[PDB]
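Below: the structure, in structure tokens.
There are 2 protein chains.
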Amino acid sequence: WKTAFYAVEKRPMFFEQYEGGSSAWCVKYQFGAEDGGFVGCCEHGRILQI
Amino acid sequence: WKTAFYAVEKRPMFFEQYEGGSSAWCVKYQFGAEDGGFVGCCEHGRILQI
């Protein structure tokens, strides 16, 4: 797995109040994160199935 | 009435500029308050009718 697959990390989670839409009663919070992944040469590795 | 009917108050009326929906050419304002009441010993008072 040190060469079969790969994970790219860009930005961890973030939380923030969403000003606008907040009508002094319904406080609306927003959050997000960003990252991804992909495969290397998918020959190093196999899958045992029935 | 000092013991027949009770009026309960929670929050004096509050105002606030409604952020969101208010822009460089308009302003939105929003107010609210919380009050209520109930009867105490309604065996105290009496009513006169026809």
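Which chain is which? The protein sequence lines are A and B, in order. In full-length UniProt numbering, each residue's number is its place in the first sequence (first place is 1) plus 414. In full-length UniProt numbering, each residue's number is its place in the second sequence (first place is 1) plus 414. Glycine included, C-beta positions come from ideal geometry on N, C-alpha and C.
State the beta-bridge partners of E448(A) as determined by DSSP. In the first sequence, counting from the first residue as 1, residue 448(A) sits at position 34. The partner list for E448(A) (beta bridge, DSSP) reads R425(A).
Three-way DSSP call (helix, strand, coil) for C455(A) in this model: For this step, residue 455(A) is matched to residue 41 along the first sequence. Look at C455(A) here: in three-state DSSP terms it is coil, with no helix or strand label.
Please check the pair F419(A) and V453(A), which I expect to be a contact at CB under 8 Å, by giving their CB distance rounded to whole angstroms. Mapped onto the first sequence, residue 419(A) falls at position 5. Mapped onto the first sequence, residue 453(A) falls at position 39. With a Cβ gap of about 5 Å, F419(A) and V453(A) count as contacting.
Closest Cβ-Cβ distance between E430(A) and chain B: below 8 Å? Residue numbering aside, residue 430(A) sits at position 16 when the first sequence is read from its first letter. Answer no: the Cβ-Cβ gap between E430(A) and chain B never drops below 8 Å.
Quick check: the stretch 431-441 of chain B against the stretch 420-438 of chain A, are there 3 or more CB pairs under 8 Å? yes
Can you name the residues of chain A whose CB is closer than 8 Å to the CB of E448(B)? Along the second sequence, one-based indexing puts residue 448(B) at 34. None at all; the shortest Cβ gap to chain A is about 12 Å.
Measure the C-alpha to C-alpha separation of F428(A) and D449(A) and round it to an integer number of angstroms. To locate residue 428(A), count along the first sequence from 1; it is residue 14. To locate residue 449(A), count along the first sequence from 1; it is residue 35. Cα atoms of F428(A) and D449(A): separation of roughly 13 Å, rounded to the nearest angstrom.
Grab me the residues of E423(A)'s own chain with a C-beta within less than 7 Å of its C-beta, minus the 5 sequence neighbours each way, in chain order. For the purposes of this step, residue 423(A) is identified with residue 9 of the first sequence, where counting begins at 1. Hits under 7 Å: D449.
Starting from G434(A), find everything on chain B with Cβ-Cβ shorter than 8 Å and list it in chain order. What you label residue 434(A) is simply residue 20 of the first sequence in a count that begins at 1. Result: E433, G434 and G435.
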